[PDB]
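Here is coords-v6.tsv, consisting of TSV, C-alpha atoms and all ligand atoms:
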chain	number	residue	atom	x	y	z
A	2	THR	CA	1.73	0.78	20.54
A	3	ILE	CA	4.54	2.65	18.81
A	4	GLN	CA	5.39	6.15	17.73
A	5	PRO	CA	5.13	7.01	14.07
A	6	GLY	CA	8.37	6.29	12.28
A	7	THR	CA	10.23	3.53	10.54
A	8	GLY	CA	12.53	0.74	11.63
A	9	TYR	CA	12.78	-3.00	12.04
A	10	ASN	CA	10.72	-5.29	14.21
A	11	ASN	CA	11.31	-9.05	14.51
A	12	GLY	CA	13.22	-8.95	11.23
A	13	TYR	CA	10.72	-6.93	9.24
A	14	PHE	CA	10.87	-3.35	8.14
A	15	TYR	CA	7.93	-1.27	9.24
A	16	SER	CA	6.57	2.16	8.47
A	17	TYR	CA	3.90	3.91	10.48
A	18	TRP	CA	2.89	7.41	9.32
A	19	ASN	CA	0.04	9.67	10.36
A	20	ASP	CA	-1.14	13.25	10.20
A	21	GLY	CA	-1.18	13.73	13.97
A	22	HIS	CA	-4.94	13.92	14.13
A	23	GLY	CA	-5.27	11.11	16.68
A	24	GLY	CA	-7.66	8.15	16.67
A	25	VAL	CA	-5.28	5.50	15.40
A	26	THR	CA	-3.01	3.04	17.17
A	27	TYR	CA	-0.43	0.82	15.46
A	28	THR	CA	1.25	-2.17	17.11
A	29	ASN	CA	4.09	-4.43	15.99
A	30	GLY	CA	3.65	-8.08	16.94
A	31	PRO	CA	5.76	-11.23	16.68
A	32	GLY	CA	7.37	-12.09	13.37
A	33	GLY	CA	5.67	-10.23	10.54
A	34	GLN	CA	2.54	-9.36	12.50
A	35	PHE	CA	1.07	-5.91	13.00
A	36	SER	CA	-2.28	-4.58	14.17
A	37	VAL	CA	-4.08	-1.31	13.57
A	38	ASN	CA	-7.00	-0.04	15.61
A	39	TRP	CA	-8.66	3.20	14.60
A	40	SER	CA	-11.66	5.26	15.59
A	41	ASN	CA	-12.46	8.56	13.87
A	42	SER	CA	-8.90	8.85	12.69
A	43	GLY	CA	-7.21	11.29	10.40
A	44	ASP	CA	-4.90	10.26	7.54
A	45	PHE	CA	-2.56	7.31	8.26
A	46	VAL	CA	-0.55	4.46	6.70
A	47	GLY	CA	1.14	1.55	8.50
A	48	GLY	CA	2.47	-1.93	7.91
A	49	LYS	CA	5.35	-4.36	7.73
A	50	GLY	CA	7.62	-5.63	5.02
A	51	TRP	CA	10.99	-4.95	3.48
A	52	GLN	CA	13.53	-2.24	2.80
A	53	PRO	CA	14.26	-2.34	0.05
A	54	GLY	CA	11.63	-4.40	-1.68
A	55	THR	CA	12.30	-6.37	-4.83
A	56	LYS	CA	10.65	-6.69	-8.22
A	57	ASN	CA	10.02	-10.44	-7.87
A	58	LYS	CA	8.89	-10.86	-4.28
A	59	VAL	CA	6.07	-13.27	-3.46
A	60	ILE	CA	4.36	-11.68	-0.47
A	61	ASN	CA	2.16	-13.69	1.85
A	62	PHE	CA	-0.38	-11.92	4.08
A	63	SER	CA	-3.02	-13.28	6.43
A	64	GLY	CA	-5.40	-12.10	9.08
A	65	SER	CA	-8.42	-9.83	9.48
A	66	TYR	CA	-9.33	-6.44	8.04
A	67	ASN	CA	-12.50	-4.65	9.20
A	68	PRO	CA	-12.70	-1.09	7.97
A	69	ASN	CA	-15.66	1.19	8.70
A	70	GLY	CA	-15.21	3.95	6.10
A	71	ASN	CA	-12.31	4.96	3.88
A	72	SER	CA	-9.39	2.50	4.13
A	73	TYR	CA	-7.25	0.22	1.95
A	74	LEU	CA	-5.36	-3.08	2.51
A	75	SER	CA	-2.51	-3.32	0.01
A	76	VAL	CA	0.96	-4.38	-0.97
A	77	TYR	CA	2.34	-0.81	-0.91
A	78	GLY	CA	5.68	0.74	-1.71
A	79	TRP	CA	7.77	3.18	-3.62
A	80	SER	CA	10.43	3.46	-6.23
A	81	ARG	CA	12.97	6.24	-6.75
A	82	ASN	CA	14.19	7.68	-10.02
A	83	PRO	CA	11.49	7.76	-11.08
A	84	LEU	CA	9.61	8.50	-7.87
A	85	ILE	CA	6.53	6.27	-7.87
A	86	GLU	CA	4.08	5.30	-5.13
A	87	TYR	CA	2.43	1.97	-5.93
A	88	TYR	CA	-0.35	-0.23	-4.70
A	89	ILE	CA	-1.60	-3.74	-5.22
A	90	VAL	CA	-4.95	-3.33	-3.48
A	91	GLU	CA	-6.39	-6.54	-2.00
A	92	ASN	CA	-9.27	-4.95	-0.13
A	93	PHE	CA	-10.81	-1.58	0.73
A	94	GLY	CA	-13.65	0.08	2.57
A	95	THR	CA	-16.11	2.67	1.32
A	96	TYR	CA	-13.84	4.09	-1.43
A	97	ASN	CA	-12.27	2.32	-4.40
A	98	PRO	CA	-8.99	4.30	-4.85
A	99	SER	CA	-9.24	4.00	-8.65
A	100	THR	CA	-12.51	5.96	-8.78
A	101	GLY	CA	-12.26	8.37	-11.71
A	102	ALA	CA	-8.82	7.11	-12.70
A	103	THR	CA	-8.07	6.12	-16.27
A	104	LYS	CA	-7.89	2.34	-16.70
A	105	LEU	CA	-4.67	1.11	-18.30
A	106	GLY	CA	-5.39	-2.60	-18.55
A	107	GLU	CA	-6.01	-5.81	-16.65
A	108	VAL	CA	-3.78	-8.45	-15.12
A	109	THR	CA	-4.74	-11.83	-13.68
A	110	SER	CA	-2.80	-12.95	-10.66
A	111	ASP	CA	-3.24	-15.04	-7.56
A	112	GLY	CA	-6.85	-15.94	-8.12
A	113	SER	CA	-8.35	-12.73	-9.43
A	114	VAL	CA	-8.38	-10.24	-12.22
A	115	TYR	CA	-7.01	-6.82	-11.26
A	116	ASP	CA	-7.68	-3.53	-13.03
A	117	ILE	CA	-4.63	-1.31	-13.63
A	118	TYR	CA	-4.57	2.47	-13.29
A	119	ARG	CA	-2.18	5.42	-13.14
A	120	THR	CA	-2.89	8.59	-11.16
A	121	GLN	CA	-0.83	11.65	-10.27
A	122	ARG	CA	-0.11	13.38	-6.97
A	123	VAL	CA	0.69	17.09	-7.27
A	124	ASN	CA	2.92	18.75	-4.65
A	125	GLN	CA	2.20	16.06	-2.06
A	126	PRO	CA	4.31	14.38	0.62
A	127	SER	CA	6.65	11.60	-0.47
A	128	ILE	CA	9.69	9.64	0.62
A	129	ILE	CA	11.86	12.49	-0.79
A	130	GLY	CA	9.80	15.51	0.30
A	131	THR	CA	7.00	17.47	-1.34
A	132	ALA	CA	6.76	16.43	-4.96
A	133	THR	CA	4.68	15.66	-8.02
A	134	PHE	CA	4.77	11.97	-8.91
A	135	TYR	CA	2.76	9.17	-10.40
A	136	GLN	CA	0.97	6.38	-8.58
A	137	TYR	CA	0.47	2.91	-10.06
A	138	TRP	CA	-2.43	0.72	-9.05
A	139	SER	CA	-3.59	-2.87	-9.44
A	140	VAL	CA	-7.04	-3.10	-7.81
A	141	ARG	CA	-8.18	-6.65	-7.02
A	142	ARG	CA	-11.72	-7.46	-8.12
A	143	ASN	CA	-12.09	-10.37	-5.63
A	144	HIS	CA	-11.59	-8.71	-2.21
A	145	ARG	CA	-9.75	-10.66	0.48
A	146	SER	CA	-7.71	-10.27	3.68
A	147	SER	CA	-5.42	-13.30	3.25
A	148	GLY	CA	-3.47	-14.56	0.26
A	149	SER	CA	-0.30	-14.41	-1.76
A	150	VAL	CA	0.79	-11.61	-4.08
A	151	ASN	CA	3.21	-12.39	-6.89
A	152	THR	CA	4.52	-8.83	-7.28
A	153	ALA	CA	6.29	-9.64	-10.54
A	154	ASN	CA	3.00	-10.26	-12.31
A	155	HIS	CA	1.94	-6.70	-11.43
A	156	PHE	CA	5.25	-4.96	-12.06
A	157	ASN	CA	5.56	-6.76	-15.41
A	158	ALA	CA	2.00	-5.88	-16.46
A	159	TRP	CA	2.58	-2.25	-15.46
A	160	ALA	CA	5.81	-2.17	-17.49
A	161	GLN	CA	4.03	-3.66	-20.50
A	162	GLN	CA	1.53	-0.80	-20.28
A	163	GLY	CA	4.17	1.92	-20.02
A	164	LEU	CA	4.26	2.23	-16.23
A	165	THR	CA	7.90	1.79	-15.29
A	166	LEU	CA	9.37	1.61	-11.85
A	167	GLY	CA	12.73	2.95	-10.74
A	168	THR	CA	14.86	1.56	-7.93
A	169	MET	CA	12.84	0.01	-5.14
A	170	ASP	CA	12.49	1.67	-1.78
A	171	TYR	CA	10.26	0.10	0.91
A	172	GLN	CA	7.64	-2.55	0.17
A	173	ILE	CA	5.12	-3.49	2.80
A	174	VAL	CA	1.62	-4.85	3.43
A	175	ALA	CA	-0.16	-1.75	4.67
A	176	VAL	CA	-3.39	-0.63	6.15
A	177	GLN	CA	-4.15	2.91	4.98
A	178	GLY	CA	-7.02	5.00	6.32
A	179	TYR	CA	-8.49	8.42	5.75
A	180	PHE	CA	-10.82	9.79	8.45
A	181	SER	CA	-12.44	6.47	9.23
A	182	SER	CA	-12.61	3.68	11.79
A	183	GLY	CA	-11.74	0.01	11.87
A	184	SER	CA	-9.53	-2.77	13.07
A	185	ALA	CA	-7.01	-5.01	11.34
A	186	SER	CA	-4.52	-7.74	12.33
A	187	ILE	CA	-2.16	-8.87	9.57
A	188	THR	CA	0.83	-11.23	9.40
A	189	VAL	CA	3.35	-10.75	6.61
A	190	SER	CA	6.00	-13.10	5.24
B	1	LIG	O1	9.68	12.54	7.45
B	1	LIG	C1	9.46	12.04	6.11
B	1	LIG	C2	8.28	11.08	6.08
B	1	LIG	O2	7.07	11.72	6.53
B	1	LIG	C3	8.09	10.51	4.67
B	1	LIG	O3	7.31	9.60	4.74
B	1	LIG	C4	6.38	9.25	3.68
B	1	LIG	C5	5.38	10.39	3.45
B	1	LIG	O4	4.42	10.02	2.45
B	1	LIG	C6	3.63	8.87	2.78
B	1	LIG	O5	2.77	8.79	1.89
B	1	LIG	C7	1.54	9.55	1.83
B	1	LIG	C8	0.99	9.81	3.23
B	1	LIG	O6	-0.25	10.57	3.09
B	1	LIG	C9	-1.29	9.80	2.44
B	1	LIG	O7	-2.51	10.55	2.50
B	1	LIG	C10	-0.85	9.59	0.98
B	1	LIG	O8	-1.82	8.80	0.34
B	1	LIG	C11	0.49	8.74	1.01
B	1	LIG	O9	0.88	8.95	-0.40
B	1	LIG	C12	4.52	7.63	2.94
B	1	LIG	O10	3.74	6.47	3.29
B	1	LIG	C13	5.63	7.93	3.97
B	1	LIG	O11	6.56	6.83	4.02
B	1	LIG	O12	9.31	9.91	4.22
B	1	LIG	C14	10.44	10.79	4.20
B	1	LIG	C15	10.72	11.35	5.59
B	1	LIG	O13	11.85	12.24	5.57
Would you mind giving the structure from this file in C-alpha cells?
Amino acid sequence: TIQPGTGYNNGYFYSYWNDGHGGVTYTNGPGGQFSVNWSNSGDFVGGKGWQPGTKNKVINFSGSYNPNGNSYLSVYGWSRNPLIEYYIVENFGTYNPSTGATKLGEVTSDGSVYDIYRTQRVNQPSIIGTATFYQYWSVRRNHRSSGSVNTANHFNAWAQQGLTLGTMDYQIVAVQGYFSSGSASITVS
C-alpha cells in the first residue's frame, strides 16, 4: 500500500487523499491498475490517470467495484481559473451524488444517457486550498464498472449548458468513499 499523496506509477499519475480516519488502503499495480480496500473508512479519494488531463481524452476503465455504503466510481478531475471539481459518475453505492441538485440537462454517451448537474462547495478543501467553487456532474443512468468515457461529449454538453471549465489539472478514474466499506480493482488507460 502507499501513503496518501500524488505522483507517478508505471507511467500514470495518481492521487490518493484521505481524512486520516483509517480503514482504507490504496495500492498501485502494474500499468494503469489500482486497488482500494476499505472497511469502516472515513472520507477518501484515490485513483490513476493523467496530469494534466485533456478536454478530448477517451478514458478506458475496467475491473470490479463493490461498495458497501457511500462511494462513487468516476472519471474525476479539476480545472483551474475557474476552479472546478468535476465528475463523470459511472457507478455509486448507497448515495447518488446528484441528490437534491438542480438538473441542467442530459447527454448521451458511451451507451447511456447521463443527467447533468451543478453543485457548489462552500469553504471546502481544493487543489488550491480552502475555497468556494462549483462542481459539475454527469451521472450515468446505466451503472457499470468497465467501459470507455469520451470526455469531450461531457465537457461539450456542460459548456452548452453554461458550465465552463478552465485549464485542466489532474484527471483520473477514482474511487471515492465516505464512511463506508468496499473493494475495487480498476485498470485505466
Ligand atoms: O495538500 C493539498 C491536498 O490535500 C489537496 O488535495 C485535494 C484536496 O481536495 C480533494 O478533494 C476533496 C476531498 O474531500 C472530499 O470529501 C471532497 O468531496 C473532495 O472534493 C482532492 O481530491 C485533492 O486532490 O491538493 C492541494 C494540496 O496542497
Residue with the minimum atom-to-atom distance to ligand LIG 1 (chain B), picked from A:108, A:176, A:114, A:37 with only C-alpha atoms and all ligand atoms counted, is A:176
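Of the listed residues (A:47, A:167, A:78, A:64), A:64 comes nearest to residue A:145; the distances count all atoms listed in the file.
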Return as a count of residues only every polymer residue, whether protein, DNA or RNA, with at least one atom no more than 10 Å from an atom of ligand LIG 1 (chain B); count all atoms listed in the file. 38
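Taking all atoms listed in the file into account, residue A:141 lies nearest to A:88 out of the set A:100, A:88, A:123, A:162.
In terms of minimum interatomic distance to residue A:118, A:163 ranks closest within A:163, A:33, A:94, A:68, counting only C-alpha atoms.
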Give me the box for stretch 145-159 of chain A as AutoDock Vina command-line options, namely the centre and edge lengths in Å to one decimal of a box along x, y and z that holds every listed atom plus 5 Å on each side.
--center_x -1.7 --center_y -8.4 --center_z -6.4 --size_x 26.0 --size_y 22.3 --size_z 30.1
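Atom CA of residue A:29 is found 10.8 Å from atom CA of residue A:4.
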I'd like the contact shell of residue A:51 - 7 Å cut-off, only C-alpha atoms, skipping same-chain residues fewer than 5 positions apart - returned as a compact mmCIF listing (two decimals) with C-alpha atoms, keeping the file's coordinate frame.
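Now in result_13.txt:
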# COMPACT_ATOMS: atom_id res chain seq x y z
CA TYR A 13 10.72 -6.93 9.24
CA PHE A 14 10.87 -3.35 8.14
CA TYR A 171 10.26 0.10 0.91
CA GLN A 172 7.64 -2.55 0.17
CA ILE A 173 5.12 -3.49 2.80
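One finds atom CA of residue A:110 at 29.1 Å from atom CA of residue A:11.
Taking all atoms listed in the file into account, residue A:36 lies nearest to A:184 out of the set A:8, A:57, A:148, A:184.
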Report task. Give me the residues within 12 Å of residue A:112 as number ranges by chain, counting all atoms listed in the file and dropping any in the same chain fewer than 5 places off. Result -> A: 91, 141-145, 147-151
Prev. selection, C-alpha atoms, output as a compact mmCIF listing (two decimals), in the frame of the given file:
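File selection.txt, as written:
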# COMPACT_ATOMS: atom_id res chain seq x y z
CA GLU A 91 -6.39 -6.54 -2.00
CA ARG A 141 -8.18 -6.65 -7.02
CA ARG A 142 -11.72 -7.46 -8.12
CA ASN A 143 -12.09 -10.37 -5.63
CA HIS A 144 -11.59 -8.71 -2.21
CA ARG A 145 -9.75 -10.66 0.48
CA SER A 147 -5.42 -13.30 3.25
CA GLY A 148 -3.47 -14.56 0.26
CA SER A 149 -0.30 -14.41 -1.76
CA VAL A 150 0.79 -11.61 -4.08
CA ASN A 151 3.21 -12.39 -6.89
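Once all atoms listed in the file are considered, the residues situated within 10 Å of the file point (-7.2, 6.1, -16.8) turn out to be residues 99, 100, 101, 102, 103, 104, 105, 106, 117, 118, 119 and 120 of chain A.
The coordinates place atom CA of residue A:49 at 20.9 Å from atom CA of residue A:181.
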The residue from A:183, A:12, A:70, A:53 with the smallest atom-to-atom distance to residue A:24, counting all atoms listed in the file, is A:183
Fix up stretch 91-106 of chain A with N, CA and C atoms, then write it as a PDB file, keeping the file's coordinate frame.
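Result written to out_25.pdb:
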ATOM      1  N   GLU A  91      -5.705  -5.268  -2.232  1.00  0.00           N
ATOM      2  CA  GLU A  91      -6.390  -6.540  -2.000  1.00  0.00           C
ATOM      3  C   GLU A  91      -7.798  -6.365  -1.419  1.00  0.00           C
ATOM      4  N   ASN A  92      -7.962  -5.237  -0.771  1.00  0.00           N
ATOM      5  CA  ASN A  92      -9.270  -4.950  -0.130  1.00  0.00           C
ATOM      6  C   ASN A  92      -9.397  -3.445   0.179  1.00  0.00           C
ATOM      7  N   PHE A  93     -10.610  -2.976   0.350  1.00  0.00           N
ATOM      8  CA  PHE A  93     -10.810  -1.580   0.730  1.00  0.00           C
ATOM      9  C   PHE A  93     -12.181  -1.437   1.368  1.00  0.00           C
ATOM     10  N   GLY A  94     -12.406  -0.248   1.918  1.00  0.00           N
ATOM     11  CA  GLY A  94     -13.650   0.080   2.570  1.00  0.00           C
ATOM     12  C   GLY A  94     -14.669   0.748   1.671  1.00  0.00           C
ATOM     13  N   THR A  95     -15.052   1.971   2.029  1.00  0.00           N
ATOM     14  CA  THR A  95     -16.110   2.670   1.320  1.00  0.00           C
ATOM     15  C   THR A  95     -15.654   3.295   0.003  1.00  0.00           C
ATOM     16  N   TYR A  96     -14.352   3.381  -0.255  1.00  0.00           N
ATOM     17  CA  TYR A  96     -13.840   4.090  -1.430  1.00  0.00           C
ATOM     18  C   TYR A  96     -12.879   3.200  -2.205  1.00  0.00           C
ATOM     19  N   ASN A  97     -13.149   3.079  -3.485  1.00  0.00           N
ATOM     20  CA  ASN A  97     -12.270   2.320  -4.400  1.00  0.00           C
ATOM     21  C   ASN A  97     -11.265   3.406  -4.842  1.00  0.00           C
ATOM     22  N   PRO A  98      -9.972   3.243  -4.529  1.00  0.00           N
ATOM     23  CA  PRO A  98      -8.990   4.300  -4.850  1.00  0.00           C
ATOM     24  C   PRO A  98      -8.806   4.608  -6.333  1.00  0.00           C
ATOM     25  N   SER A  99      -9.323   3.756  -7.212  1.00  0.00           N
ATOM     26  CA  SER A  99      -9.240   4.000  -8.650  1.00  0.00           C
ATOM     27  C   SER A  99     -10.427   4.785  -9.188  1.00  0.00           C
ATOM     28  N   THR A 100     -11.344   5.215  -8.325  1.00  0.00           N
ATOM     29  CA  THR A 100     -12.510   5.960  -8.780  1.00  0.00           C
ATOM     30  C   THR A 100     -12.101   7.188  -9.596  1.00  0.00           C
ATOM     31  N   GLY A 101     -12.580   7.263 -10.830  1.00  0.00           N
ATOM     32  CA  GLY A 101     -12.260   8.370 -11.710  1.00  0.00           C
ATOM     33  C   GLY A 101     -10.923   8.281 -12.415  1.00  0.00           C
ATOM     34  N   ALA A 102     -10.123   7.273 -12.082  1.00  0.00           N
ATOM     35  CA  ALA A 102      -8.820   7.110 -12.700  1.00  0.00           C
ATOM     36  C   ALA A 102      -8.940   6.434 -14.055  1.00  0.00           C
ATOM     37  N   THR A 103      -8.021   6.741 -14.956  1.00  0.00           N
ATOM     38  CA  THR A 103      -8.070   6.120 -16.270  1.00  0.00           C
ATOM     39  C   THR A 103      -7.504   4.699 -16.207  1.00  0.00           C
ATOM     40  N   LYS A 104      -8.283   3.748 -16.694  1.00  0.00           N
ATOM     41  CA  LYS A 104      -7.890   2.340 -16.700  1.00  0.00           C
ATOM     42  C   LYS A 104      -6.845   2.077 -17.789  1.00  0.00           C
ATOM     43  N   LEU A 105      -5.765   1.413 -17.398  1.00  0.00           N
ATOM     44  CA  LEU A 105      -4.670   1.110 -18.300  1.00  0.00           C
ATOM     45  C   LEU A 105      -4.459  -0.374 -18.577  1.00  0.00           C
ATOM     46  N   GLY A 106      -5.463  -1.183 -18.275  1.00  0.00           N
ATOM     47  CA  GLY A 106      -5.390  -2.600 -18.550  1.00  0.00           C
ATOM     48  C   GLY A 106      -5.864  -3.486 -17.423  1.00  0.00           C
TER      49      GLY A 106
END
